[PDB]
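The chain that follows stands alone, in the form deposited in one PDB entry, written as structure tokens.
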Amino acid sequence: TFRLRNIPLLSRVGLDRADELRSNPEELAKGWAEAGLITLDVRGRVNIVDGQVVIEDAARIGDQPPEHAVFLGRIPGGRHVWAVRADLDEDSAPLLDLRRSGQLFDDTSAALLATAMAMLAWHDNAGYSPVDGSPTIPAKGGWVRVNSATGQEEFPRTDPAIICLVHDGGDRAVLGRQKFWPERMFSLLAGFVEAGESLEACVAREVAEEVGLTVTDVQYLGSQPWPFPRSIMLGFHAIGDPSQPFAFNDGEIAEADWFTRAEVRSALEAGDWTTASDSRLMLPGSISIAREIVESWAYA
């Protein structure tokens, strides 16, 4: 019935990733002369100025691009841009992380940071082949790691996960509370995609596990990179029957109920998960595609 009103945060622009150059050490070296550089702490946090990620003049850590660096592409202009991990002084400047402060960034800076954050985290967890055990080595602007023994390439890992709004086909929708959340704190149902299933099967499965409903007419709404540490979230809605009672089998879910559009609007207008307020239902931070899905349904 409905569509997303807004493009989810972190999806708003695609970089010029400049795929061409990744395997061209020389053109990388030529453009490093006056390239840009972005720097992340071990927490993914970064420095922000005027809503933009801080881009340092690049040739101040090297004459040539280092091995631990990751090529992110070209900004509007033509200038190469890279990311490194480095320790950052916590006390000399505010360090912003994407999950709690992504909305303060411009769209480009958010893309850069999301990419950089997921890649650097990947390298930190891919220094060895899972196949045999050999050490691995960065190559091609940091987009592969090559095995030392065999020469086999290993590639960045993004794990797909669904998030779903179950509704009755009209004016009512399922929201649920996980046991490990504060009270009065609800959202959509989510799950990782297992091997050997479609997204549509994954939605029906996870819904059935978590709240015990049978759902149909499973439909994609959109997608959002989610580097915490390495997910991509895929948004869906589906139709359930309110007359079928709930059942918490995969007991991740403490409680759940059907809510009206009215109820949800009221909850949205009182804030998100991070607001202190009176309300007996509070919903997720606008960072999440979950909030965009709920909002898109509740206002029509």
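Note that residue numbering begins at 1 and tracks the sequence as displayed. In this text, rigid core is short for the largest set of C-alphas that superpose within 1.5 Å between two forms.
*Asks:* Should the higher mean CA B-factor in the entry be assigned to 199-207 or to 85-93?
*Replies:* Stretch with the higher mean C-alpha B-factor: 85-93.
*Asks:* Would you determine, from the values in the PDB entry, which of 267-275 and 36-44 has the greater average C-alpha temperature factor?
*Replies:* Per the deposited B-factors, the answer is 267-275.
*Asks:* Kindly indicate the residue among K179, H167, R157, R145 with the greatest C-alpha B-factor in the PDB record.
*Replies:* Spelled out: the listed residue with the top C-alpha B-factor is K179.
*Asks:* Sorting by Cα B-factor within the chain, modelled residues only, which third would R60 end up in: lowest, middle or highest?
*Replies:* It falls in the top third of the chain.
*Asks:* State the tercile, meaning the lowest, middle or highest third, of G151 with respect to the CA B-factors recorded for its chain.
*Replies:* Within its chain, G151 is a middle-third residue by C-alpha B-factor, going by the deposited values.
*Asks:* Consider only the C-alpha atoms of the modelled residues in this chain, order them by B-factor as the entry records it, and name the third containing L234: lowest, middle or highest.
*Replies:* Answer is lowest: the recorded C-alpha B-factor places it there.
*Asks:* Classify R280 as lowest, middle or highest third according to the C-alpha B-factor given in the PDB entry, relative to its own chain.
*Replies:* As the PDB entry reports it, the C-alpha B-factor of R280 lands in the highest third of its chain.
*Asks:* Please say which third, lowest, middle or highest, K140 falls into when its CA temperature factor is compared across its chain.
*Replies:* It falls in the middle third of the chain.
Just so you know, the form deposited in another entry exists too; it's not on screen, but the next bit is about it.
*Asks:* After the core is superposed, which of these residues, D97, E200, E154, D168, moves its CA 2 Å or more between this form and the one not shown?
*Replies:* Residue with a C-alpha shift of 2 Å or more: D97.
*Asks:* Which way does the C-alpha gap of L95 and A290 go in that other deposited form, closer or farther, given it changes by 3 angstroms or more?
*Replies:* Closer together, which means the C-alphas of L95 and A290 are at least 3 Å nearer in that other deposited form.
*Asks:* Say whether the C-alpha atoms of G102 and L95 sit closer together or farther apart in that other deposited form than in the form shown here, given that their separation changes by 3 Å or more.
*Replies:* Between the C-alphas of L95 and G102, the gap narrows in that other deposited form (3 Å or more compared with this form).
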